[PDB]
Every structure is written in C-alpha cells, then in structure tokens.
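Quick setup: one chain, the form deposited in one PDB entry, written in structure tokens, and binding and motion questions come after.
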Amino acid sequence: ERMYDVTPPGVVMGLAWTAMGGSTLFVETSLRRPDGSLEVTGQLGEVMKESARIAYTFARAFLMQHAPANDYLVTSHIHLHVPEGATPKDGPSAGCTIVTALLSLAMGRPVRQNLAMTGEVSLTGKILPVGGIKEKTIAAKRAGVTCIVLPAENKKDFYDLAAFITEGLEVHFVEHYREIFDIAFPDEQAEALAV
C-alpha cells in the first residue's frame, strides 16, 4: 500500500533506499500563514536540508519565468514535511521531488497520479545522477508507480533490472528540471484550442 493513493497539490512521491532495500516516500508542502520562508521537518540530514534550500531557490526562479504573475513562493510562509516523522532521512536525491512539490503547491495543481521521481537538482536546474536506482525502481513497481522519472546518467542502472520489473513502467530519463515539469504537469504543455 501507499501513504497517498491520490496526491493533492503540494504532495509528490519520491523514492528512497537503505541497505534493507527501497521504499516510497511523499514530500508534503503547505502554507503556514496567508519575503517568504521555508520551514522543513521530517528528521532530515544536512545534505537533505541543503537540497531543500537549493530546490526552494530554483523553484522560485523557475516559477518566475513560467508564471511571473504568481508570487506564491516569494511571499508565502511554507512548511515542507517528509513523513514518517520519526524516521531519519538524508541525501540529495529528493531535490527534483521538492521542486515539484513547491511548484505544485504554488500552482494549486496536483502532479500526475502514480508518478515517482528521484534526482539531485543543481542550482540552475540540472538533474544529477543518484544512487539506489535498482532498489528505488523495484520499490516503485511494488507501490503501483506507472511513471518513473530518473536522471539520464542512471539509464544503465535502470536497464540492469530484469524485464519483468521494468515492463509496464513508463520511464523518462531527464537532464534538466524543465523535462520533469512537463511530465509532472502535462496540462501545462498540452495541445489546446481557443474559443
């Protein structure tokens, strides 16, 4: 089972691993009040806290180019949480997940359902390779993930898995956050008609 079968805005599924295997986790974000700020909870280590700062800065910049009239990330007091509360978590691979959670919250739009992602985020939005792709992918498949987004340089790790694991997985290998944004929010890049 999963902690969220259906993600509302501000909630994105990420992927973690330990020496004991892989798991899914959800990044949760929310307002704490009507210059902004980010408060972060979830027993995060120092690499993960820094990846939340990087993601926060990039998301502010990304959404000032995609939606300059939208100030929600610049002015709001945001809270970011990664359950479960007692479990320690660390590492950079949730960067894109955090970016997506913040944009999802600021746009008031949920991300594509049954989607998980992992990837380190650069300050300019480059997606850097991560560890545990095999364990994270198995965990996604067990959790009902149908769409998985991974750093492009982790492609060989993904295809080291047996076919019966990756069959049925729609996989996207990405290098810049813009590619994730268009998978996560397909209606922001979809064919439209005027009336």
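Each residue number is its position in the shown sequence, starting from 1. Here, rigid core means the biggest group of C-alpha atoms that superpose within 1.5 Å across both forms.
As for the form deposited in another entry, it is not shown, yet the points below apply to it.
Participant: Looking at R112, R109, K89, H77, which has a Cα shift of 2 angstroms or more between the shown form and the other one when the rigid core is held fixed?
Facilitator: With the rigid core fitted, the residue that moves is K89.
Participant: Since the C-alpha distance between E84 and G119 changes by 3 Å or more in the other entry, give its direction relative to the shown form: closer or farther.
Facilitator: Closer together, by at least 3 Å.
Participant: Regarding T87 and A94, go with closer or farther for their CA spacing in the other entry versus this form, the difference being 3 Å or more.
Facilitator: Closer, not farther.
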